[PDB]
Every structure is written in C-alpha cells, then in structure tokens.
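As structure tokens, the structure follows; a few thoughts come after it.
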Amino acid sequence: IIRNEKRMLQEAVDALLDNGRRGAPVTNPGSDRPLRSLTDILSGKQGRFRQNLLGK
Amino acid sequence: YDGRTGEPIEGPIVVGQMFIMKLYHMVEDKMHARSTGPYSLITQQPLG
DNA sequence: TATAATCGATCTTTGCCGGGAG
DNA sequence: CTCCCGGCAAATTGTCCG
C-alpha cells in the first residue's frame, strides 16, 4: 500500500509540472481535455513566451 | 458623357445591367477602436 | 460497525535525435 | 563501427469564437 501511494504521488507531481509528458494525461471528469499543466502554459504557440511576451 | 465636364469619354465604354449583391461584411460591424479598457486576469493585457 | 463477497477495462503528418541489437 | 526504429518535437496572421 505505501508503495502504491508513493508511485501515485509521483504521477501527481508529474501531471502538475508536465501533464501528458509521461503516461495518460490527467483530465477533468467527463471531458477528454487534458488539464493544462505548467509546461503547457510556458510553451507552444499558445504559451506564455509566444503569446504574452514576444507580442501582446 | 462625363458628368463633371460634359465632354465625352474619349472612347466608347461597356455599359449594361449587372446583378450585384451586398455581402454580410459591413463597416458598421467592423469599425472598432479603444483607448483603454478591460484587461485579462492572469496577463493584465487588453482583452480581444 | 458482522451471511459472504478477494486481479480493470478502451483502441486507427514530417523531421530530428538517441539507443540497442545485429 | 554502422544502421534502423522509436519517441518527441514542430506544423502563417489579423478578424471571429454567436
């Protein structure tokens, strides 16, 4: 039991920082939409850099 | 005949009846301007 | 807080860089 | 050494989105 809890804890940290990077993307219930993690916020066309930083 | 001068156009011009439609893109809808206004929650940049 | 109950359930583009196997 | 194979990262802009 403690082992299961520990591995679930890692996965919870992983989704928080970069969701979808490793394993199934964490989703809100009854939606297929992956939750938007910190990595998703920073990066991409929609990310912090190319959206609010290099242009406004 | 040019209505400004009264003089003819120096050449014969094609004239006739054409069917022309007014499309859904009208200035009244698209003209927009902003000095200052609403800002976004996280970014504090103007809304779109 | 008391019959007993003991292993889950969906699936269909191109370019680059690192790795294991032959 | 030399080479596929898989895993990961990319894929135009304003408007709009009723």
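Lettering and numbering for the structure tokens are positional, with chains as A, B, ... in the shown order, residues counted from 1 in each chain, and ligands counted from 1 in the shown order.
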Using only C-alpha atoms, what table do you get, as CSV, when you list each residue of chain B with an atom no more than 10 Å from chain A, its nearest pair of atoms, and their distance in Å rounded to one decimal, rows by chain then rising number?
residue,atom,partner,partner_atom,distance
B:43,CA,A:52,CA,7.1
B:44,CA,A:52,CA,9.5
B:45,CA,A:56,CA,6.8
B:46,CA,A:56,CA,8.1
B:47,CA,A:56,CA,9.9
Run DSSP on the backbone and grab whatever in chain B lands in alpha helix (DSSP H); send it over as a ChimeraX atom specification. /B:27-30
Export of the given selection (N, CA and C atoms) as a PDB file, in the first residue's frame:
ATOM      1  N   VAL B  27     -19.143  47.848 -42.763  1.00  0.00           N
ATOM      2  CA  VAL B  27     -18.271  48.639 -41.878  1.00  0.00           C
ATOM      3  C   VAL B  27     -18.862  48.852 -40.505  1.00  0.00           C
ATOM      4  N   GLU B  28     -20.176  49.068 -40.439  1.00  0.00           N
ATOM      5  CA  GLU B  28     -20.813  49.364 -39.160  1.00  0.00           C
ATOM      6  C   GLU B  28     -20.421  48.328 -38.115  1.00  0.00           C
ATOM      7  N   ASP B  29     -20.299  47.073 -38.545  1.00  0.00           N
ATOM      8  CA  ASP B  29     -19.977  45.958 -37.677  1.00  0.00           C
ATOM      9  C   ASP B  29     -18.508  45.882 -37.302  1.00  0.00           C
ATOM     10  N   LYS B  30     -17.629  46.240 -38.216  1.00  0.00           N
ATOM     11  CA  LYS B  30     -16.211  46.001 -38.051  1.00  0.00           C
ATOM     12  C   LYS B  30     -15.437  47.186 -37.514  1.00  0.00           C
TER      13      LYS B  30
END
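Distance annotation: of B:41, B:1, B:31, B:21, the residue with the minimal separation from chain D is B:31; atom set is only C-alpha atoms (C1' of nucleotides).
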Compile the contact shell of segment 12-14 of chain A as a PDB file with N, CA, C and O atoms, in the first residue's frame: residues with an atom at most 10 Å away, counting only C-alpha atoms (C1' of nucleotides), same-chain residues fewer than 5 positions apart removed.
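The resulting file, selection_14.pdb, is shown below:
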ATOM      1  N   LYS A   6       3.079   5.971  -2.982  1.00  0.00           N
ATOM      2  CA  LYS A   6       4.245   6.729  -3.433  1.00  0.00           C
ATOM      3  C   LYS A   6       4.282   6.905  -4.957  1.00  0.00           C
ATOM      4  O   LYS A   6       4.573   8.001  -5.444  1.00  0.00           O
ATOM      5  N   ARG A   7       4.007   5.844  -5.722  1.00  0.00           N
ATOM      6  CA  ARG A   7       4.021   5.963  -7.170  1.00  0.00           C
ATOM      7  C   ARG A   7       2.911   6.881  -7.672  1.00  0.00           C
ATOM      8  O   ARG A   7       3.130   7.675  -8.599  1.00  0.00           O
ATOM      9  N   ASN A  19       1.953  17.696 -17.816  1.00  0.00           N
ATOM     10  CA  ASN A  19       0.915  16.679 -17.895  1.00  0.00           C
ATOM     11  C   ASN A  19       0.946  16.112 -19.294  1.00  0.00           C
ATOM     12  O   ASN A  19       1.133  16.840 -20.253  1.00  0.00           O
ATOM     13  N   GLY A  20       0.821  14.808 -19.404  1.00  0.00           N
ATOM     14  CA  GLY A  20       0.907  14.114 -20.668  1.00  0.00           C
ATOM     15  C   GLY A  20       2.320  13.701 -21.060  1.00  0.00           C
ATOM     16  O   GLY A  20       2.484  12.777 -21.877  1.00  0.00           O
ATOM     17  N   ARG A  21       3.338  14.316 -20.445  1.00  0.00           N
ATOM     18  CA  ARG A  21       4.726  14.003 -20.767  1.00  0.00           C
ATOM     19  C   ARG A  21       4.981  12.513 -20.614  1.00  0.00           C
ATOM     20  O   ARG A  21       5.481  11.870 -21.539  1.00  0.00           O
ATOM     21  N   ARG A  22       4.672  11.955 -19.430  1.00  0.00           N
ATOM     22  CA  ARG A  22       4.743  10.518 -19.140  1.00  0.00           C
ATOM     23  C   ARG A  22       3.377   9.995 -18.716  1.00  0.00           C
ATOM     24  O   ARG A  22       2.738  10.560 -17.822  1.00  0.00           O
ATOM     25  N   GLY A  23       2.899   8.975 -19.403  1.00  0.00           N
ATOM     26  CA  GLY A  23       1.635   8.372 -19.042  1.00  0.00           C
ATOM     27  C   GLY A  23       0.414   9.120 -19.533  1.00  0.00           C
ATOM     28  O   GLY A  23       0.475  10.167 -20.189  1.00  0.00           O
ATOM     29  N   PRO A  25      -2.684  11.441 -19.941  1.00  0.00           N
ATOM     30  CA  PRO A  25      -2.916  12.810 -19.471  1.00  0.00           C
ATOM     31  C   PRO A  25      -4.034  12.858 -18.440  1.00  0.00           C
ATOM     32  O   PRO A  25      -5.066  12.196 -18.582  1.00  0.00           O
ATOM     33  N   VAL A  26      -3.805  13.625 -17.377  1.00  0.00           N
ATOM     34  CA  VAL A  26      -4.831  13.815 -16.364  1.00  0.00           C
ATOM     35  C   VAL A  26      -5.917  14.718 -16.928  1.00  0.00           C
ATOM     36  O   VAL A  26      -5.620  15.809 -17.425  1.00  0.00           O
ATOM     37  N   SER A  37      -1.100  22.015 -17.755  1.00  0.00           N
ATOM     38  CA  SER A  37      -0.072  21.963 -16.734  1.00  0.00           C
ATOM     39  C   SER A  37       0.856  23.159 -16.848  1.00  0.00           C
ATOM     40  O   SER A  37       0.726  23.986 -17.743  1.00  0.00           O
TER      41      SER A  37
END
For atom CA of residue 1 of chain A and atom CA of residue 24 of chain A, quote the distance in Å rounded to one decimal.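 One can read the atom CA of residue 1 of chain A to atom CA of residue 24 of chain A distance as 21.7 Å.
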Separation of atom CA of residue 50 of chain A from atom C1' of residue 7 of chain D in Å: 25.3 Å
For atom CA of residue 18 of chain A and atom CA of residue 3 of chain A, determine how far apart the two atoms are, in Å to one decimal place.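 Value for the atom CA of residue 18 of chain A-atom CA of residue 3 of chain A distance: 22.4 Å.
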Residue contacts of residue 19 of chain C (12 Å, only C-alpha atoms (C1' of nucleotides)) excluding same-chain residues fewer than 2 positions away, as a ChimeraX atom specification: /C:17,21 /D:3-7
Do you have, as CSV, the list of residues of chain D lying at most 12 Å from chain A, each with its nearest atom pair and that distance in Å to one decimal, counting only C-alpha atoms (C1' of nucleotides) and ordered by chain then number?
residue,atom,partner,partner_atom,distance
D:7,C1',A:21,CA,11.4
D:8,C1',A:21,CA,9.8
D:9,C1',A:44,CA,10.7
D:10,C1',A:44,CA,9.5
D:11,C1',A:45,CA,10.8
D:12,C1',A:45,CA,11.7
